[PDB]
Protein chains: 2
Amino acid sequence: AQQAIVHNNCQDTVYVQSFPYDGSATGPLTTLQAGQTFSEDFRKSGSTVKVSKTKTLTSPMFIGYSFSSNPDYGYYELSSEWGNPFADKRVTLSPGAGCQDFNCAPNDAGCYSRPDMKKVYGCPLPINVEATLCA
Amino acid sequence: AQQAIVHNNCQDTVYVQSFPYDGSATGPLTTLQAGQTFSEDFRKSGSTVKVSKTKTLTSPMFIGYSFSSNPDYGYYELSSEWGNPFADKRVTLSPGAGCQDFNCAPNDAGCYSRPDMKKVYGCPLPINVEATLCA
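For each chain, numbering begins from 1 and proceeds through the sequence as written. The entry may number the same residues differently, and residues missing coordinates are not shown. Chains carry letters from A onward and ligands carry numbers from 1 onward, assigned in written order. Only heavy atoms go into the side-chain values, all of them from the structure, while hydrogens and water stay out.

1. Some details on the interface of chain B and chain A
- In this analysis, two residues are considered to be in contact whenever any of their non-hydrogen atoms come within 4.5 Å of each other. Taken residue by residue, the interface counts 22 residues in chain B and 21 residues in chain A.
- Here the buried area means the combined drop in accessible surface, using a 1.4 Å probe, for two parts upon being joined, counting both sides. Between chain B and chain A, a total of about 1,800 Å² is buried, with carbon and sulfur atoms accounting for 53% of that surface.
- For salt bridges, the criterion is a side-chain nitrogen of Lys or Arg within 4 Å of an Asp or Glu carboxyl oxygen. Viewed at the interface, chain A and chain B are joined by zero salt bridges.
- Polar contacts, as used here, are pairs of N or O atoms within 3.5 Å; protein pairs need one atom able to donate a hydrogen and one able to accept it. Residues neighboring in sequence count only if both atoms are side-chain atoms. Along the contact surface separating chain B from chain A lie 15 residue pairs in polar contact.
- Those elements that place two or more of their residues in the side of chain B that touches chain A are β6 (61-67), β7 (73-79) and β10 (120-124) of chain B.
- Examining the composition of the side of chain B that touches chain A, we find that four residues originate from one element, β10(B), more than from any other.
- Residue polarity follows a fixed list, in which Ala, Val, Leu, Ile, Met, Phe, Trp, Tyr, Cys and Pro are nonpolar, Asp, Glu, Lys and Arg are charged, and the others, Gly among them, are polar. Residue composition of the side of chain B that touches chain A, by class: ten nonpolar, seven polar and five charged.
- Pairing geometry for strand β10 (residues 120-124) of chain A and β10(B), over two bridges, is antiparallel. Across the sheet, the residue bridging to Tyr121(A) is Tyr121(B), located in β10(B). Numbered from the N terminus, helices here are DSSP runs of H or I no shorter than four residues, and strands are runs of E no shorter than two. For two strands to be treated as a pair, DSSP must find no fewer than two bridges joining them.

2. Some thoughts on the packing of aromatic side chains
- Only centres within 6.5 Å qualify two rings of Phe, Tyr or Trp (six-membered ring in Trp) as a pair; their planes then separate them into stacked at under 30 degrees, edge-to-face at over 60, and tilted for everything else. Taken as a whole and assessed by the stated rule, the structure comprises 14 aromatic pairs over all chains.
- Note on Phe42(B) and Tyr65(B): the rings are 4.5 Å apart at their centroids and 15 degrees apart in plane angle, and the pair reads as stacked. Of this pair, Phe42(B) sits in the loop between β4 (37-41) and β5 (47-52) while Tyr65(B) sits in strand β6, placing them 23 residues apart in sequence.
- Exposure is judged per residue with a 1.4 Å probe applied to protein chains only, and the accessible area is read against the type maximum: over 50% gives exposed, under 20% gives buried, and values in between give partly exposed. Overall, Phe42(B) belongs to the buried group, its relative accessible area being 12%.
- With a centroid separation of 6.2 Å and an interplanar angle of 50 degrees, the aromatic rings of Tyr76(B) and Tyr121(B) are classed as tilted. Taken as a pair, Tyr76(B) in strand β7 and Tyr121(B) in strand β10 lie far apart in primary sequence, 45 residues in all. The pair formed by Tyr76(B) and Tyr121(B) is uniform in burial state, with each residue classed as buried.
- Members of the aromatic cluster, each reached through a chain of ring pairs, are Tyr76(A), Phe102(A), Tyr121(A), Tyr76(B), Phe102(B) and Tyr121(B).
- Its end group placed over the ring of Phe19(A), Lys50(A) keeps NZ or CZ at 4.9 Å from the ring centre. Remark: a charge is flagged as sitting over a ring if the NZ atom of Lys or the CZ atom of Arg is within 6 Å of the ring centre and within 35 degrees of the ring normal.

3. A look at the relation of the copies chain B and chain A
- The two copies are related by a screw operation: chain B maps onto chain A through 180 degrees of rotation and 0.1 Å of translation along the axis, at an RMSD of 0.9 Å. Given the turn and translation reported, the copies of this chain are related as if by a two-fold rotation axis. When C-alpha positions in chain B are compared against the rotation axis, the closest is assigned to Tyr121(B), at 2.4 Å.
- Here 91% of the interface residues in chain B have copies in chain A that are interface residues too; the copies meet face to matching face. To overlay the copies, their C-alpha atoms are matched by a least-squares fit.

4. What to know about empty space enclosed by the protein
- Grid points spaced at 1 Å over the protein atoms alone were grouped into cavities, where a 1.4 Å probe fits but cannot get out, and pockets, open sets with protein on both sides within 12 Å along at least five of seven lines, with lining residues defined by an atom within 4 Å of a point. Grid points are joined across faces, edges and corners, and a volume is the space filled by probe spheres set on the points. As enumerated under the stated definition, the model contains two cavities of 30 Å³ or more in all.
- Size it by volume and the largest cavity reaches roughly 40 Å³.
- For the lining of the largest cavity, the secondary-structure elements that each account for two or more residues are β7 (73-79) of chain A together with β6 and β7 of chain B.
- Of the residues assigned to the lining of the largest cavity, the class counts are seven nonpolar, three polar and one charged.
- Around the second largest cavity, the lining residues are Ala4(B), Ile5(B), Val6(B), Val49(B), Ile63(B), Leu93(B), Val129(B), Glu130(B) and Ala131(B).
- Looking at the lining of the second largest cavity, the elements with two or more residues in it are β1 (3-8) and β11 (129-133) of chain B.
- Of the residues belonging to the lining of the second largest cavity, the class tally is eight nonpolar, no polar and one charged.

5. Focus: the state of the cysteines
Residue and element names in this part refer to chain B.
- Note on disulfides: each one is a pair of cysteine sulfur atoms within 2.5 Å. Tallying each qualifying case throughout the model produces six disulfides over all chains.
- Here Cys10 is linked by a disulfide to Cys134, with a sulfur-sulfur distance of 2.0 Å. Torsion about the S-S bond of the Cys10 and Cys134 cystine: about 90 degrees, corresponding to right-handed handedness. In this pair, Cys10 sits in the loop between β1 and β2 (14-20) while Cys134 sits in the segment after β11, placing the two residues 124 residues apart along the sequence. The pair formed by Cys10 and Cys134 is uniform in burial state, with each residue classed as buried.

6. A short note on the side chain of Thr30(A)
All names here are of chain A.
- Within the fold, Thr30 resides in strand β3 (residues 30-32).
- Among the polar contacts made by the side chain of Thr30, one reaches the main-chain carbonyl oxygen of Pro28 at a distance of 2.9 Å.
- Dropping the residues within four chain positions of it, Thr30 is found in contact with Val14, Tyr15, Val16 and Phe38.

7. Description of the environment of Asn84(A)
Residues and elements named next belong to chain A.
- By the element assignment, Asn84 lies in the loop between β7 and β8 (91-94).
- Each C-alpha atom, one on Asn84 and one on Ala109, is 9.2 Å from the other, the two residues being 25 residues apart in sequence.
- Apart from residues no more than four positions distant in its own chain, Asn84 is found in contact with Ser59, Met61 and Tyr112.
- Of the polar contacts made by the side chain of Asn84, one reaches the backbone nitrogen of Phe86; its length is 2.8 Å.
- Within the local environment of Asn84, its side chain forms a polar contact with the side chain of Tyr112, the two groups lying 3.3 Å apart.

Right under this line is the structure:
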């Protein structure tokens, strides 16, 4: 199966949880200590994978993956709309070769998808979507 | 309500035609004199809009669009994968404010979506997908 993956390279522990775009029940609340990795098989409806520094999911960054009419593409989004605990760190999000990455340098807020500057990238299926926190 | 639009600001007559993703009939083969504009209502299934300097649509540029719900995004691609008659001129493709656009300078070949580097963007609905040739 296609994978949504979040690598925690931060010193700090993070919490990751995937909220399907169809609005159904989420995946398990996942604790990632330094060096640990979250992964899940792609949810059929797409999902927003929230990443927070608290168990209560305060002000999470999210990694979104979704699909469209055009059956050829998957779409991914690295968003600071609701917050970003890693704003002073590097965060990368990649669908693999042949498509655009997010490679967001420390303190480069304008690299992320923003409420009034949305950044959602498309890429031919199949894809894995792989992020590193504190790259 | 949403429209896919092609403004021909070039000195040349151009030809535009839409090819629905769901296989329904092609749109009218549209001749745009220098200065004229093509437009169509958003097709539910999405579409490929070919843009060429010949009526036979040989080696055309294309504008691709589609849209989804949950998330409610519209997707748009400015592609030179099949050719680009307007490579020596400026071409823009914008969904309106608040989202990543294409603004492809004259002879900036890498600005377009390419076979080995796809460039497809998403934006919250509703949008008009609006291209200007020789901007």
